[PDB]
file data01.cif (mmCIF, N, CA and C atoms)
data_work
#
loop_
_atom_site.label_atom_id
_atom_site.label_comp_id
_atom_site.auth_asym_id
_atom_site.auth_seq_id
_atom_site.Cartn_x
_atom_site.Cartn_y
_atom_site.Cartn_z
N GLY W 325 8.40 13.02 10.75
CA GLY W 325 8.42 14.45 11.14
C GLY W 325 7.01 14.98 11.33
N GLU W 326 6.60 15.93 10.49
CA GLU W 326 5.27 16.52 10.54
C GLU W 326 4.20 15.47 10.21
N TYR W 327 2.96 15.79 10.55
CA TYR W 327 1.81 14.92 10.34
C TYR W 327 0.94 15.47 9.21
N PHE W 328 0.37 14.56 8.44
CA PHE W 328 -0.50 14.92 7.32
C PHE W 328 -1.75 14.07 7.44
N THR W 329 -2.86 14.55 6.92
CA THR W 329 -4.07 13.74 6.96
C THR W 329 -4.49 13.44 5.53
N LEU W 330 -5.06 12.27 5.36
CA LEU W 330 -5.49 11.83 4.07
C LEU W 330 -6.91 11.39 4.22
N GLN W 331 -7.79 11.93 3.37
CA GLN W 331 -9.19 11.55 3.37
C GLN W 331 -9.34 10.34 2.45
N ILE W 332 -9.99 9.31 2.97
CA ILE W 332 -10.17 8.04 2.28
C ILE W 332 -11.65 7.70 2.19
N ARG W 333 -12.05 7.16 1.05
CA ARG W 333 -13.43 6.79 0.82
C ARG W 333 -13.61 5.28 1.00
N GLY W 334 -14.54 4.90 1.87
CA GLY W 334 -14.82 3.49 2.08
C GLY W 334 -14.13 2.91 3.30
N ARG W 335 -14.92 2.23 4.13
CA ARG W 335 -14.43 1.61 5.37
C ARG W 335 -13.40 0.54 5.13
N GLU W 336 -13.60 -0.30 4.12
CA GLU W 336 -12.64 -1.36 3.84
C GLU W 336 -11.30 -0.77 3.40
N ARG W 337 -11.35 0.25 2.54
CA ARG W 337 -10.11 0.88 2.07
C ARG W 337 -9.42 1.57 3.25
N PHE W 338 -10.23 2.24 4.08
CA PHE W 338 -9.69 2.92 5.26
C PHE W 338 -8.95 1.90 6.13
N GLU W 339 -9.59 0.76 6.36
CA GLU W 339 -8.98 -0.26 7.22
C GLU W 339 -7.69 -0.76 6.64
N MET W 340 -7.66 -0.91 5.33
CA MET W 340 -6.46 -1.37 4.66
C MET W 340 -5.33 -0.36 4.87
N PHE W 341 -5.59 0.93 4.62
CA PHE W 341 -4.56 1.95 4.81
C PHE W 341 -4.12 2.10 6.25
N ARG W 342 -5.05 1.92 7.18
CA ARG W 342 -4.76 2.02 8.62
C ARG W 342 -3.78 0.89 9.03
N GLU W 343 -4.05 -0.31 8.53
CA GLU W 343 -3.22 -1.48 8.78
C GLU W 343 -1.82 -1.21 8.26
N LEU W 344 -1.71 -0.74 7.02
CA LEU W 344 -0.43 -0.44 6.42
C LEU W 344 0.32 0.62 7.22
N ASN W 345 -0.37 1.67 7.61
CA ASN W 345 0.27 2.74 8.37
C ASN W 345 0.78 2.30 9.75
N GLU W 346 -0.01 1.49 10.44
CA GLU W 346 0.38 0.95 11.74
C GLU W 346 1.61 0.05 11.61
N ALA W 347 1.64 -0.77 10.56
CA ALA W 347 2.75 -1.68 10.33
C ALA W 347 4.04 -0.88 10.10
N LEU W 348 3.97 0.18 9.30
CA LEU W 348 5.14 1.02 9.03
C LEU W 348 5.63 1.70 10.32
N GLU W 349 4.68 2.12 11.15
CA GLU W 349 5.01 2.77 12.41
C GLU W 349 5.65 1.78 13.38
N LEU W 350 5.19 0.53 13.35
CA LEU W 350 5.75 -0.51 14.22
C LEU W 350 7.17 -0.76 13.77
N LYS W 351 7.36 -0.77 12.46
CA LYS W 351 8.69 -1.01 11.91
C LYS W 351 9.64 0.12 12.30
N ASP W 352 9.18 1.35 12.20
CA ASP W 352 10.00 2.49 12.58
C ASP W 352 10.36 2.44 14.05
N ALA W 353 9.41 2.07 14.89
CA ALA W 353 9.63 2.03 16.33
C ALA W 353 10.80 1.14 16.77
N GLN W 354 11.25 0.26 15.89
CA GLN W 354 12.34 -0.66 16.20
C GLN W 354 13.74 -0.05 16.19
N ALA W 355 13.85 1.24 15.94
CA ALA W 355 15.15 1.88 15.91
C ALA W 355 15.12 3.20 16.65
N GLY W 356 14.47 3.21 17.82
CA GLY W 356 14.37 4.42 18.62
C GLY W 356 13.15 4.42 19.52
N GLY Q 325 -18.26 4.72 0.03
CA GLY Q 325 -19.37 5.26 0.84
C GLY Q 325 -18.91 6.43 1.68
N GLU Q 326 -18.95 6.28 3.00
CA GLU Q 326 -18.52 7.31 3.95
C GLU Q 326 -17.01 7.57 3.80
N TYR Q 327 -16.58 8.70 4.34
CA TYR Q 327 -15.19 9.14 4.29
C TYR Q 327 -14.55 9.01 5.66
N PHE Q 328 -13.28 8.66 5.67
CA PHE Q 328 -12.52 8.49 6.91
C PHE Q 328 -11.21 9.24 6.73
N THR Q 329 -10.61 9.69 7.82
CA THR Q 329 -9.33 10.37 7.69
C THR Q 329 -8.29 9.56 8.44
N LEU Q 330 -7.09 9.59 7.92
CA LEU Q 330 -6.01 8.85 8.50
C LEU Q 330 -4.87 9.82 8.67
N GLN Q 331 -4.34 9.89 9.89
CA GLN Q 331 -3.20 10.74 10.18
C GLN Q 331 -1.94 9.94 9.88
N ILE Q 332 -1.05 10.55 9.09
CA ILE Q 332 0.18 9.93 8.64
C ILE Q 332 1.38 10.77 9.04
N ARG Q 333 2.44 10.11 9.45
CA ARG Q 333 3.65 10.79 9.87
C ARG Q 333 4.70 10.76 8.75
N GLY Q 334 5.18 11.93 8.36
CA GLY Q 334 6.21 11.99 7.33
C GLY Q 334 5.67 12.31 5.95
N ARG Q 335 6.29 13.30 5.31
CA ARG Q 335 5.89 13.76 3.98
C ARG Q 335 6.04 12.69 2.91
N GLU Q 336 7.13 11.94 2.95
CA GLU Q 336 7.35 10.90 1.95
C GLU Q 336 6.28 9.80 2.09
N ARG Q 337 5.99 9.41 3.33
CA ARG Q 337 4.97 8.37 3.55
C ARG Q 337 3.60 8.90 3.12
N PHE Q 338 3.34 10.15 3.45
CA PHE Q 338 2.07 10.78 3.07
C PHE Q 338 1.93 10.74 1.55
N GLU Q 339 2.99 11.11 0.85
CA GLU Q 339 2.94 11.13 -0.61
C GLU Q 339 2.69 9.76 -1.18
N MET Q 340 3.30 8.76 -0.56
CA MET Q 340 3.12 7.39 -1.00
C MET Q 340 1.64 6.99 -0.84
N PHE Q 341 1.06 7.23 0.33
CA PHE Q 341 -0.35 6.88 0.55
C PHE Q 341 -1.30 7.66 -0.33
N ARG Q 342 -0.97 8.91 -0.60
CA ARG Q 342 -1.80 9.79 -1.45
C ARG Q 342 -1.84 9.21 -2.89
N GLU Q 343 -0.68 8.80 -3.37
CA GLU Q 343 -0.52 8.21 -4.69
C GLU Q 343 -1.38 6.96 -4.77
N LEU Q 344 -1.25 6.08 -3.78
CA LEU Q 344 -2.02 4.85 -3.74
C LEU Q 344 -3.52 5.13 -3.73
N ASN Q 345 -3.93 6.08 -2.90
CA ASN Q 345 -5.35 6.41 -2.81
C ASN Q 345 -5.94 6.98 -4.11
N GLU Q 346 -5.18 7.85 -4.76
CA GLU Q 346 -5.59 8.43 -6.03
C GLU Q 346 -5.72 7.35 -7.11
N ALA Q 347 -4.78 6.42 -7.13
CA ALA Q 347 -4.79 5.33 -8.11
C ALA Q 347 -6.04 4.47 -7.92
N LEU Q 348 -6.37 4.13 -6.68
CA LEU Q 348 -7.56 3.33 -6.39
C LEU Q 348 -8.84 4.07 -6.82
N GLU Q 349 -8.85 5.38 -6.59
CA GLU Q 349 -10.00 6.20 -6.96
C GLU Q 349 -10.13 6.29 -8.48
N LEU Q 350 -9.00 6.34 -9.18
CA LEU Q 350 -9.02 6.39 -10.65
C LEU Q 350 -9.57 5.08 -11.15
N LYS Q 351 -9.16 4.00 -10.50
CA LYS Q 351 -9.61 2.68 -10.90
C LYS Q 351 -11.12 2.55 -10.69
N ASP Q 352 -11.60 3.01 -9.55
CA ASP Q 352 -13.03 2.96 -9.26
C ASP Q 352 -13.82 3.77 -10.27
N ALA Q 353 -13.31 4.95 -10.62
CA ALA Q 353 -14.00 5.84 -11.55
C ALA Q 353 -14.33 5.21 -12.91
N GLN Q 354 -13.67 4.10 -13.23
CA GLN Q 354 -13.88 3.43 -14.51
C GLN Q 354 -15.16 2.61 -14.63
N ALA Q 355 -15.99 2.61 -13.59
CA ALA Q 355 -17.22 1.85 -13.65
C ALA Q 355 -18.37 2.66 -13.09
N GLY Q 356 -18.44 3.93 -13.47
CA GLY Q 356 -19.51 4.81 -13.01
C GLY Q 356 -19.09 6.28 -13.03
N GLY O 325 -0.51 -18.19 4.96
CA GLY O 325 -0.59 -19.58 4.47
C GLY O 325 0.31 -19.77 3.26
N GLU O 326 -0.28 -20.07 2.11
CA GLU O 326 0.45 -20.27 0.86
C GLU O 326 1.13 -18.97 0.42
N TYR O 327 2.09 -19.10 -0.49
CA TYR O 327 2.87 -17.98 -1.01
C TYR O 327 2.45 -17.69 -2.45
N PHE O 328 2.46 -16.42 -2.80
CA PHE O 328 2.09 -15.97 -4.14
C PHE O 328 3.18 -15.01 -4.59
N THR O 329 3.38 -14.89 -5.90
CA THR O 329 4.36 -13.93 -6.37
C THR O 329 3.65 -12.88 -7.21
N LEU O 330 4.17 -11.68 -7.14
CA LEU O 330 3.59 -10.58 -7.86
C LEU O 330 4.70 -9.94 -8.62
N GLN O 331 4.50 -9.77 -9.93
CA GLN O 331 5.47 -9.11 -10.78
C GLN O 331 5.18 -7.62 -10.74
N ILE O 332 6.23 -6.84 -10.47
CA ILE O 332 6.13 -5.40 -10.31
C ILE O 332 7.08 -4.71 -11.29
N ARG O 333 6.62 -3.61 -11.86
CA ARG O 333 7.41 -2.85 -12.81
C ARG O 333 8.03 -1.62 -12.13
N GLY O 334 9.35 -1.50 -12.22
CA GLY O 334 10.02 -0.35 -11.64
C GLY O 334 10.63 -0.62 -10.28
N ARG O 335 11.90 -0.25 -10.14
CA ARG O 335 12.66 -0.45 -8.91
C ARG O 335 12.09 0.31 -7.73
N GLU O 336 11.68 1.56 -7.95
CA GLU O 336 11.13 2.36 -6.86
C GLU O 336 9.81 1.74 -6.37
N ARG O 337 8.96 1.32 -7.30
CA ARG O 337 7.68 0.71 -6.92
C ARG O 337 7.95 -0.61 -6.19
N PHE O 338 8.90 -1.37 -6.71
CA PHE O 338 9.27 -2.64 -6.09
C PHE O 338 9.70 -2.39 -4.64
N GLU O 339 10.55 -1.39 -4.45
CA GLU O 339 11.05 -1.10 -3.10
C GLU O 339 9.93 -0.70 -2.18
N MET O 340 8.98 0.05 -2.70
CA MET O 340 7.84 0.47 -1.91
C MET O 340 7.04 -0.76 -1.47
N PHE O 341 6.70 -1.66 -2.40
CA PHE O 341 5.95 -2.86 -2.04
C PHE O 341 6.70 -3.79 -1.11
N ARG O 342 8.01 -3.86 -1.27
CA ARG O 342 8.87 -4.71 -0.43
C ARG O 342 8.83 -4.20 1.04
N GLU O 343 8.92 -2.89 1.18
CA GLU O 343 8.86 -2.22 2.47
C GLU O 343 7.54 -2.54 3.14
N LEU O 344 6.44 -2.35 2.40
CA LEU O 344 5.11 -2.63 2.92
C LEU O 344 4.98 -4.09 3.34
N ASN O 345 5.45 -4.99 2.50
CA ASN O 345 5.34 -6.42 2.81
C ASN O 345 6.14 -6.83 4.05
N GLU O 346 7.35 -6.30 4.18
CA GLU O 346 8.19 -6.57 5.34
C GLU O 346 7.54 -6.04 6.63
N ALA O 347 6.95 -4.86 6.55
CA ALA O 347 6.29 -4.25 7.71
C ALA O 347 5.12 -5.12 8.16
N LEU O 348 4.32 -5.61 7.22
CA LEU O 348 3.18 -6.47 7.55
C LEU O 348 3.66 -7.79 8.20
N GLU O 349 4.77 -8.31 7.68
CA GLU O 349 5.33 -9.55 8.20
C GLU O 349 5.89 -9.34 9.61
N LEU O 350 6.46 -8.16 9.86
CA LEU O 350 7.00 -7.84 11.18
C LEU O 350 5.83 -7.76 12.14
N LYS O 351 4.74 -7.16 11.67
CA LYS O 351 3.57 -7.02 12.51
C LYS O 351 2.98 -8.39 12.85
N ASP O 352 2.89 -9.26 11.86
CA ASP O 352 2.38 -10.60 12.09
C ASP O 352 3.25 -11.36 13.08
N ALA O 353 4.56 -11.23 12.95
CA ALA O 353 5.49 -11.94 13.81
C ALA O 353 5.29 -11.69 15.31
N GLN O 354 4.58 -10.63 15.65
CA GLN O 354 4.34 -10.28 17.05
C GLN O 354 3.31 -11.12 17.78
N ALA O 355 2.74 -12.11 17.12
CA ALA O 355 1.75 -12.95 17.76
C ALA O 355 1.99 -14.41 17.45
N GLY O 356 3.26 -14.83 17.51
CA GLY O 356 3.62 -16.21 17.23
C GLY O 356 5.06 -16.35 16.76
N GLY I 325 10.37 0.45 -15.74
CA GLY I 325 11.54 -0.13 -16.45
C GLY I 325 11.59 -1.63 -16.27
N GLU I 326 12.63 -2.14 -15.61
CA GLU I 326 12.80 -3.56 -15.34
C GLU I 326 11.68 -4.08 -14.43
N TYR I 327 11.53 -5.40 -14.40
CA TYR I 327 10.51 -6.08 -13.61
C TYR I 327 11.16 -6.79 -12.43
N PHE I 328 10.45 -6.80 -11.31
CA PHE I 328 10.92 -7.44 -10.09
C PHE I 328 9.79 -8.31 -9.58
N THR I 329 10.10 -9.36 -8.84
CA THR I 329 9.04 -10.18 -8.28
C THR I 329 9.13 -10.11 -6.76
N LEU I 330 7.98 -10.17 -6.14
CA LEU I 330 7.91 -10.09 -4.71
C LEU I 330 7.08 -11.27 -4.26
N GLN I 331 7.63 -12.04 -3.33
CA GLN I 331 6.92 -13.18 -2.76
C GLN I 331 6.10 -12.67 -1.59
N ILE I 332 4.81 -13.02 -1.60
CA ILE I 332 3.85 -12.57 -0.60
C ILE I 332 3.19 -13.77 0.06
N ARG I 333 2.98 -13.67 1.36
CA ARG I 333 2.36 -14.73 2.12
C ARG I 333 0.89 -14.42 2.38
N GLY I 334 0.01 -15.33 1.99
CA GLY I 334 -1.41 -15.14 2.23
C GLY I 334 -2.17 -14.61 1.03
N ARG I 335 -3.27 -15.28 0.71
CA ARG I 335 -4.11 -14.92 -0.44
C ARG I 335 -4.73 -13.55 -0.31
N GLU I 336 -5.21 -13.19 0.88
CA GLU I 336 -5.83 -11.89 1.07
C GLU I 336 -4.79 -10.78 0.88
N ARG I 337 -3.60 -10.97 1.44
CA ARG I 337 -2.54 -9.96 1.30
C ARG I 337 -2.13 -9.86 -0.17
N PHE I 338 -2.02 -11.02 -0.82
CA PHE I 338 -1.65 -11.06 -2.24
C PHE I 338 -2.67 -10.25 -3.04
N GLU I 339 -3.96 -10.48 -2.76
CA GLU I 339 -5.00 -9.78 -3.50
C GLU I 339 -4.93 -8.29 -3.29
N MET I 340 -4.62 -7.89 -2.06
CA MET I 340 -4.49 -6.49 -1.74
C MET I 340 -3.35 -5.87 -2.57
N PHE I 341 -2.17 -6.49 -2.56
CA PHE I 341 -1.04 -5.97 -3.32
C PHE I 341 -1.28 -5.97 -4.82
N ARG I 342 -1.99 -6.97 -5.31
CA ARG I 342 -2.31 -7.09 -6.75
C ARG I 342 -3.21 -5.90 -7.18
N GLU I 343 -4.20 -5.61 -6.34
CA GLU I 343 -5.12 -4.51 -6.56
C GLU I 343 -4.34 -3.21 -6.63
N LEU I 344 -3.47 -2.98 -5.64
CA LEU I 344 -2.66 -1.78 -5.59
C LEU I 344 -1.78 -1.66 -6.83
N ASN I 345 -1.14 -2.75 -7.21
CA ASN I 345 -0.26 -2.73 -8.37
C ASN I 345 -0.98 -2.44 -9.69
N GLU I 346 -2.15 -3.05 -9.86
CA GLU I 346 -2.97 -2.82 -11.05
C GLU I 346 -3.43 -1.35 -11.13
N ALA I 347 -3.81 -0.79 -9.98
CA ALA I 347 -4.26 0.60 -9.93
C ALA I 347 -3.13 1.54 -10.34
N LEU I 348 -1.92 1.30 -9.84
CA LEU I 348 -0.76 2.12 -10.20
C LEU I 348 -0.45 2.02 -11.70
N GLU I 349 -0.59 0.81 -12.24
CA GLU I 349 -0.34 0.58 -13.65
C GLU I 349 -1.40 1.27 -14.51
N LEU I 350 -2.64 1.30 -14.03
CA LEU I 350 -3.73 1.96 -14.76
C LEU I 350 -3.43 3.44 -14.76
N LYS I 351 -2.95 3.94 -13.63
CA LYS I 351 -2.64 5.35 -13.52
C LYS I 351 -1.50 5.73 -14.47
N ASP I 352 -0.47 4.90 -14.51
CA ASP I 352 0.65 5.15 -15.41
C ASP I 352 0.21 5.15 -16.86
N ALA I 353 -0.66 4.21 -17.22
CA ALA I 353 -1.12 4.08 -18.59
C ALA I 353 -1.76 5.34 -19.17
N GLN I 354 -2.15 6.27 -18.30
CA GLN I 354 -2.80 7.51 -18.73
C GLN I 354 -1.88 8.56 -19.34
N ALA I 355 -0.60 8.26 -19.46
CA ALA I 355 0.32 9.22 -20.03
C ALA I 355 1.27 8.55 -21.01
N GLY I 356 0.71 7.68 -21.85
CA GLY I 356 1.52 6.98 -22.84
C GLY I 356 0.89 5.65 -23.25
#
call {"tool": "encode", "arguments": {"input": "data01.cif", "output": "structure tokens"}}
result
Amino acid sequence: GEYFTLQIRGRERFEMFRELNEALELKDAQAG
Amino acid sequence: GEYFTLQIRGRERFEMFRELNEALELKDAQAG
Amino acid sequence: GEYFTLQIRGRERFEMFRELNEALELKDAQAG
Amino acid sequence: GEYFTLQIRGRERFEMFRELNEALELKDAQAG
């Protein structure tokens, strides 16, 4: 639904969360 | 180090990532 | 590559990690 | 409560999940 932003400290941590978020979005995309 | 922002879709997902991020920050805080 | 097991406490936390792991695996599956 | 195990593929992914799980457990430990 709505969008939220999360501030993250550190490039490695950011990359980790970005990867996780993209994977969840790819998974969601499979049903619509 | 530097801060990054990540846009997340959905309140439940946002809450999940927020929880994870806070936990990592609490863990980091234990050595400084 | 190799497989590792992680013991998790709590059904809700387990479900969260399972979801994340499945999403990453779905993402990986897209290139092979 | 109860414990569950999750099979994970890849050492780097395993380490990432282990880190996340330990952080959540550290966070929980702060209220009991």
call {"tool": "residues_around", "arguments": {"input": "data01.cif", "residues": "residue 331 in chain W", "least_positions_apart": "4", "cutoff": "6 Å", "atoms": "all atoms listed in the file", "output": "ChimeraX atom specification"}}
result
/Q:328-330
call {"tool": "calpha_fit_and_write", "arguments": {"input": "data01.cif", "fixed": "chain Q", "moving": "chain I", "output": "PDB file with N, CA and C atoms, keeping the file's coordinate frame"}}
result
ATOM      1  N   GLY I 325     -18.254   4.718   0.025  1.00  0.00           N
ATOM      2  CA  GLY I 325     -19.374   5.265   0.835  1.00  0.00           C
ATOM      3  C   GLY I 325     -18.909   6.427   1.682  1.00  0.00           C
ATOM      4  N   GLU I 326     -18.953   6.284   3.007  1.00  0.00           N
ATOM      5  CA  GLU I 326     -18.516   7.307   3.946  1.00  0.00           C
ATOM      6  C   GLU I 326     -17.013   7.576   3.799  1.00  0.00           C
ATOM      7  N   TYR I 327     -16.576   8.708   4.341  1.00  0.00           N
ATOM      8  CA  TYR I 327     -15.186   9.145   4.289  1.00  0.00           C
ATOM      9  C   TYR I 327     -14.552   9.014   5.668  1.00  0.00           C
ATOM     10  N   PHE I 328     -13.276   8.653   5.676  1.00  0.00           N
ATOM     11  CA  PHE I 328     -12.517   8.487   6.906  1.00  0.00           C
ATOM     12  C   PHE I 328     -11.218   9.246   6.733  1.00  0.00           C
ATOM     13  N   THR I 329     -10.612   9.696   7.818  1.00  0.00           N
ATOM     14  CA  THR I 329      -9.332  10.372   7.696  1.00  0.00           C
ATOM     15  C   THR I 329      -8.284   9.556   8.444  1.00  0.00           C
ATOM     16  N   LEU I 330      -7.088   9.586   7.916  1.00  0.00           N
ATOM     17  CA  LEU I 330      -6.008   8.844   8.499  1.00  0.00           C
ATOM     18  C   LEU I 330      -4.867   9.820   8.669  1.00  0.00           C
ATOM     19  N   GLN I 331      -4.340   9.885   9.885  1.00  0.00           N
ATOM     20  CA  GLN I 331      -3.196  10.740  10.181  1.00  0.00           C
ATOM     21  C   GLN I 331      -1.940   9.944   9.880  1.00  0.00           C
ATOM     22  N   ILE I 332      -1.050  10.557   9.092  1.00  0.00           N
ATOM     23  CA  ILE I 332       0.184   9.928   8.637  1.00  0.00           C
ATOM     24  C   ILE I 332       1.377  10.778   9.041  1.00  0.00           C
ATOM     25  N   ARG I 333       2.445  10.116   9.449  1.00  0.00           N
ATOM     26  CA  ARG I 333       3.653  10.790   9.862  1.00  0.00           C
ATOM     27  C   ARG I 333       4.696  10.761   8.750  1.00  0.00           C
ATOM     28  N   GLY I 334       5.183  11.928   8.357  1.00  0.00           N
ATOM     29  CA  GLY I 334       6.208  11.997   7.330  1.00  0.00           C
ATOM     30  C   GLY I 334       5.672  12.316   5.948  1.00  0.00           C
ATOM     31  N   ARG I 335       6.291  13.301   5.310  1.00  0.00           N
ATOM     32  CA  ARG I 335       5.884  13.758   3.974  1.00  0.00           C
ATOM     33  C   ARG I 335       6.038  12.694   2.916  1.00  0.00           C
ATOM     34  N   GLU I 336       7.131  11.932   2.947  1.00  0.00           N
ATOM     35  CA  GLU I 336       7.347  10.897   1.951  1.00  0.00           C
ATOM     36  C   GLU I 336       6.282   9.803   2.092  1.00  0.00           C
ATOM     37  N   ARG I 337       5.992   9.403   3.325  1.00  0.00           N
ATOM     38  CA  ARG I 337       4.976   8.365   3.553  1.00  0.00           C
ATOM     39  C   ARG I 337       3.609   8.892   3.116  1.00  0.00           C
ATOM     40  N   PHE I 338       3.341  10.155   3.452  1.00  0.00           N
ATOM     41  CA  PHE I 338       2.070  10.786   3.076  1.00  0.00           C
ATOM     42  C   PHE I 338       1.926  10.739   1.555  1.00  0.00           C
ATOM     43  N   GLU I 339       3.000  11.110   0.846  1.00  0.00           N
ATOM     44  CA  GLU I 339       2.939  11.131  -0.608  1.00  0.00           C
ATOM     45  C   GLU I 339       2.689   9.760  -1.178  1.00  0.00           C
ATOM     46  N   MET I 340       3.304   8.753  -0.564  1.00  0.00           N
ATOM     47  CA  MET I 340       3.119   7.390  -0.995  1.00  0.00           C
ATOM     48  C   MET I 340       1.638   6.993  -0.844  1.00  0.00           C
ATOM     49  N   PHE I 341       1.053   7.223   0.331  1.00  0.00           N
ATOM     50  CA  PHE I 341      -0.346   6.879   0.556  1.00  0.00           C
ATOM     51  C   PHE I 341      -1.302   7.663  -0.327  1.00  0.00           C
ATOM     52  N   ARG I 342      -0.974   8.913  -0.598  1.00  0.00           N
ATOM     53  CA  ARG I 342      -1.806   9.788  -1.454  1.00  0.00           C
ATOM     54  C   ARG I 342      -1.845   9.214  -2.896  1.00  0.00           C
ATOM     55  N   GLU I 343      -0.672   8.804  -3.371  1.00  0.00           N
ATOM     56  CA  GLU I 343      -0.522   8.209  -4.686  1.00  0.00           C
ATOM     57  C   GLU I 343      -1.380   6.960  -4.772  1.00  0.00           C
ATOM     58  N   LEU I 344      -1.253   6.076  -3.775  1.00  0.00           N
ATOM     59  CA  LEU I 344      -2.018   4.847  -3.734  1.00  0.00           C
ATOM     60  C   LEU I 344      -3.516   5.132  -3.727  1.00  0.00           C
ATOM     61  N   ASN I 345      -3.935   6.077  -2.906  1.00  0.00           N
ATOM     62  CA  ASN I 345      -5.350   6.407  -2.812  1.00  0.00           C
ATOM     63  C   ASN I 345      -5.941   6.977  -4.105  1.00  0.00           C
ATOM     64  N   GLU I 346      -5.182   7.856  -4.754  1.00  0.00           N
ATOM     65  CA  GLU I 346      -5.599   8.437  -6.030  1.00  0.00           C
ATOM     66  C   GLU I 346      -5.725   7.351  -7.118  1.00  0.00           C
ATOM     67  N   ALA I 347      -4.773   6.416  -7.128  1.00  0.00           N
ATOM     68  CA  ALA I 347      -4.790   5.332  -8.109  1.00  0.00           C
ATOM     69  C   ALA I 347      -6.033   4.466  -7.922  1.00  0.00           C
ATOM     70  N   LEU I 348      -6.367   4.132  -6.678  1.00  0.00           N
ATOM     71  CA  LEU I 348      -7.562   3.335  -6.388  1.00  0.00           C
ATOM     72  C   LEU I 348      -8.840   4.069  -6.817  1.00  0.00           C
ATOM     73  N   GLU I 349      -8.857   5.382  -6.589  1.00  0.00           N
ATOM     74  CA  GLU I 349      -9.999   6.197  -6.957  1.00  0.00           C
ATOM     75  C   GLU I 349     -10.134   6.290  -8.478  1.00  0.00           C
ATOM     76  N   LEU I 350      -9.006   6.333  -9.182  1.00  0.00           N
ATOM     77  CA  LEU I 350      -9.018   6.396 -10.649  1.00  0.00           C
ATOM     78  C   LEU I 350      -9.567   5.078 -11.143  1.00  0.00           C
ATOM     79  N   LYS I 351      -9.156   3.995 -10.499  1.00  0.00           N
ATOM     80  CA  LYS I 351      -9.612   2.681 -10.900  1.00  0.00           C
ATOM     81  C   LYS I 351     -11.123   2.544 -10.690  1.00  0.00           C
ATOM     82  N   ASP I 352     -11.600   3.011  -9.547  1.00  0.00           N
ATOM     83  CA  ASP I 352     -13.030   2.964  -9.265  1.00  0.00           C
ATOM     84  C   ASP I 352     -13.823   3.772 -10.272  1.00  0.00           C
ATOM     85  N   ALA I 353     -13.313   4.948 -10.629  1.00  0.00           N
ATOM     86  CA  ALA I 353     -14.003   5.832 -11.551  1.00  0.00           C
ATOM     87  C   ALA I 353     -14.334   5.208 -12.905  1.00  0.00           C
ATOM     88  N   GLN I 354     -13.672   4.100 -13.233  1.00  0.00           N
ATOM     89  CA  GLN I 354     -13.881   3.422 -14.515  1.00  0.00           C
ATOM     90  C   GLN I 354     -15.165   2.611 -14.631  1.00  0.00           C
ATOM     91  N   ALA I 355     -15.987   2.611 -13.598  1.00  0.00           N
ATOM     92  CA  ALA I 355     -17.219   1.856 -13.652  1.00  0.00           C
ATOM     93  C   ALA I 355     -18.378   2.663 -13.088  1.00  0.00           C
ATOM     94  N   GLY I 356     -18.434   3.937 -13.476  1.00  0.00           N
ATOM     95  CA  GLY I 356     -19.505   4.807 -13.005  1.00  0.00           C
ATOM     96  C   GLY I 356     -19.088   6.277 -13.020  1.00  0.00           C
TER      97      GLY I 356
END
call {"tool": "closest_atom_pairs", "arguments": {"input": "data01.cif", "of": "chain Q", "to": "chain I", "cutoff": "8 Å", "atoms": "only C-alpha atoms", "output": "tab-separated table"}}
result
residue	atom	partner	partner_atom	distance
Q:344	CA	I:344	CA	6.9
Q:347	CA	I:347	CA	5.1
Q:348	CA	I:347	CA	5.6
Q:350	CA	I:351	CA	7.1
Q:351	CA	I:347	CA	5.8
call {"tool": "write_last_selection", "arguments": {"input": "data01.cif", "atoms": "N, CA and C atoms", "output": "short mmCIF file (atom, residue, chain, number, x, y, z; two decimals), in the coordinates of the input"}}
result
data_model
loop_
_atom_site.label_atom_id
_atom_site.label_comp_id
_atom_site.auth_asym_id
_atom_site.auth_seq_id
_atom_site.Cartn_x
_atom_site.Cartn_y
_atom_site.Cartn_z
N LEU Q 344 -1.25 6.08 -3.78
CA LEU Q 344 -2.02 4.85 -3.74
C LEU Q 344 -3.52 5.13 -3.73
N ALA Q 347 -4.78 6.42 -7.13
CA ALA Q 347 -4.79 5.33 -8.11
C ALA Q 347 -6.04 4.47 -7.92
N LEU Q 348 -6.37 4.13 -6.68
CA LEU Q 348 -7.56 3.33 -6.39
C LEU Q 348 -8.84 4.07 -6.82
N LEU Q 350 -9.00 6.34 -9.18
CA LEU Q 350 -9.02 6.39 -10.65
C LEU Q 350 -9.57 5.08 -11.15
N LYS Q 351 -9.16 4.00 -10.50
CA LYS Q 351 -9.61 2.68 -10.90
C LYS Q 351 -11.12 2.55 -10.69
#
call {"tool": "resolve_selection", "arguments": {"input": "data01.cif", "expression": "the PyMOL selection byres ((chain O and resi 335) around 7)", "output": "short mmCIF file (atom, residue, chain, number, x, y, z; two decimals) with N, CA and C atoms, in the coordinates of the input"}}
result
data_model
loop_
_atom_site.label_atom_id
_atom_site.label_comp_id
_atom_site.auth_asym_id
_atom_site.auth_seq_id
_atom_site.Cartn_x
_atom_site.Cartn_y
_atom_site.Cartn_z
N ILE O 332 6.23 -6.84 -10.47
CA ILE O 332 6.13 -5.40 -10.31
C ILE O 332 7.08 -4.71 -11.29
N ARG O 333 6.62 -3.61 -11.86
CA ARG O 333 7.41 -2.85 -12.81
C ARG O 333 8.03 -1.62 -12.13
N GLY O 334 9.35 -1.50 -12.22
CA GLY O 334 10.02 -0.35 -11.64
C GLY O 334 10.63 -0.62 -10.28
N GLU O 336 11.68 1.56 -7.95
CA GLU O 336 11.13 2.36 -6.86
C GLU O 336 9.81 1.74 -6.37
N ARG O 337 8.96 1.32 -7.30
CA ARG O 337 7.68 0.71 -6.92
C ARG O 337 7.95 -0.61 -6.19
N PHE O 338 8.90 -1.37 -6.71
CA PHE O 338 9.27 -2.64 -6.09
C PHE O 338 9.70 -2.39 -4.64
N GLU O 339 10.55 -1.39 -4.45
CA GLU O 339 11.05 -1.10 -3.10
C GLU O 339 9.93 -0.70 -2.18
N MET O 340 8.98 0.05 -2.70
CA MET O 340 7.84 0.47 -1.91
C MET O 340 7.04 -0.76 -1.47
N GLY I 325 10.37 0.45 -15.74
CA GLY I 325 11.54 -0.13 -16.45
C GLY I 325 11.59 -1.63 -16.27
N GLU I 326 12.63 -2.14 -15.61
CA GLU I 326 12.80 -3.56 -15.34
C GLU I 326 11.68 -4.08 -14.43
N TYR I 327 11.53 -5.40 -14.40
CA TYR I 327 10.51 -6.08 -13.61
C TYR I 327 11.16 -6.79 -12.43
N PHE I 328 10.45 -6.80 -11.31
CA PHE I 328 10.92 -7.44 -10.09
C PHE I 328 9.79 -8.31 -9.58
#
